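K.L.:
Give me a 3D structure for the following:
(2 chains)
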Amino acid sequence: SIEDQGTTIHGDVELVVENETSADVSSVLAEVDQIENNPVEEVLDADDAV
Amino acid sequence: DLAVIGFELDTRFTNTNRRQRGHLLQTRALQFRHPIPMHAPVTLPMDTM
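P.N.:
Residues are numbered from 1 along each chain as shown, chains lettered A, B, ... in the order given. Please find the structure below.
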């Protein structure tokens, strides 16, 4: 499985035996997960941080 | 003076040594920011009595 592996020294090959292929990339980026957590670093309100 | 002088071929390499990459794909994301403003209120005055 090319998706699961990486840095394979001898390489690998898979044959695409398929007709209709879909690619959902909404969850691929790590930055998207970071933004969903907090678009900007979280800051406690000054009234509470004191 | 009539002769064939030249030709061109539709020859291509077999990219089995993966010399050529072709086009590249990379995953990207853009961010848009929409802050919500306040607007002026409407007031109903009444006496305190």
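K.L.:
Check the gap between residue A:36 and chain B for me.
P.N.:
If you measure residue A:36 against chain B using C-beta to the nearest C-beta, to the nearest Å, the figure is 11 Å. For every residue, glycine as well, the C-beta is placed using N, CA and C.
K.L.:
After the strand or helix carrying that residue, which helix or strand is next?
P.N.:
Element membership for residue A:36, per DSSP states H and E: helix A:30-37. The element immediately downstream of helix A:30-37 (helix or strand, assigned by DSSP H and E) is helix A:46-49.
K.L.:
Quick check: which helices or strands does that next one pack against?
P.N.:
Here helix A:46-49 touches no other helix or strand, going by 3 or more C-beta pairs under 8 Å, 6 or more residues apart in numbering or on different chains; DSSP states H and E.
K.L.:
what distance separates it from the middle of the whole chain?
P.N.:
Here the centre of helix A:46-49 is set off from its chain's centre by 34 Å, with C-alpha atoms, centre = their mean, to the nearest Å.
K.L.:
Packing partners of the helix holding residue A:36?
P.N.:
Using 3+ C-beta pairs under 8 Å, 6+ apart, helix A:30-37 is in contact with no helix or strand.
K.L.:
How far does that helix sit from its chain's centre?
P.N.:
Relative to the centre of its chain, helix A:30-37 is centred 9 Å away, using C-alpha atoms, centre = their mean.
K.L.:
Same check on stretch B:7-27?
P.N.:
Per C-alpha atoms, centre = their mean, the displacement of stretch B:7-27 from the mean C-alpha position of its chain is 24 Å.
K.L.:
CA atoms only: put it into PDB for me.
P.N.:
Extracted C-alpha coordinates of stretch B:7-27, given in PDB (Å, rounded to 0.1, in the frame of the first residue of the first chain):
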ATOM      1  CA  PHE B   7      11.000  14.500 -42.000                       C
ATOM      2  CA  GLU B   8       9.900  14.700 -38.400                       C
ATOM      3  CA  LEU B   9       9.000  11.800 -36.100                       C
ATOM      4  CA  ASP B  10       6.300  11.400 -33.400                       C
ATOM      5  CA  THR B  11       8.900   9.300 -31.400                       C
ATOM      6  CA  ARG B  12       8.800   9.400 -27.600                       C
ATOM      7  CA  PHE B  13      10.900   7.800 -24.900                       C
ATOM      8  CA  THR B  14       9.600   5.000 -22.700                       C
ATOM      9  CA  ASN B  15       9.800   6.600 -19.300                       C
ATOM     10  CA  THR B  16      10.600   3.400 -17.500                       C
ATOM     11  CA  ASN B  17      13.700   5.000 -16.000                       C
ATOM     12  CA  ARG B  18      11.400   7.800 -14.800                       C
ATOM     13  CA  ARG B  19      13.600  10.400 -16.300                       C
ATOM     14  CA  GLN B  20      10.700  12.800 -16.700                       C
ATOM     15  CA  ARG B  21       8.300  13.700 -13.900                       C
ATOM     16  CA  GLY B  22       5.700  15.500 -15.900                       C
ATOM     17  CA  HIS B  23       3.400  17.800 -14.000                       C
ATOM     18  CA  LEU B  24       3.500  17.900 -10.200                       C
ATOM     19  CA  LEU B  25       0.700  17.800  -7.600                       C
ATOM     20  CA  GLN B  26       0.800  19.500  -4.200                       C
ATOM     21  CA  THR B  27      -1.900  19.900  -1.600                       C
END
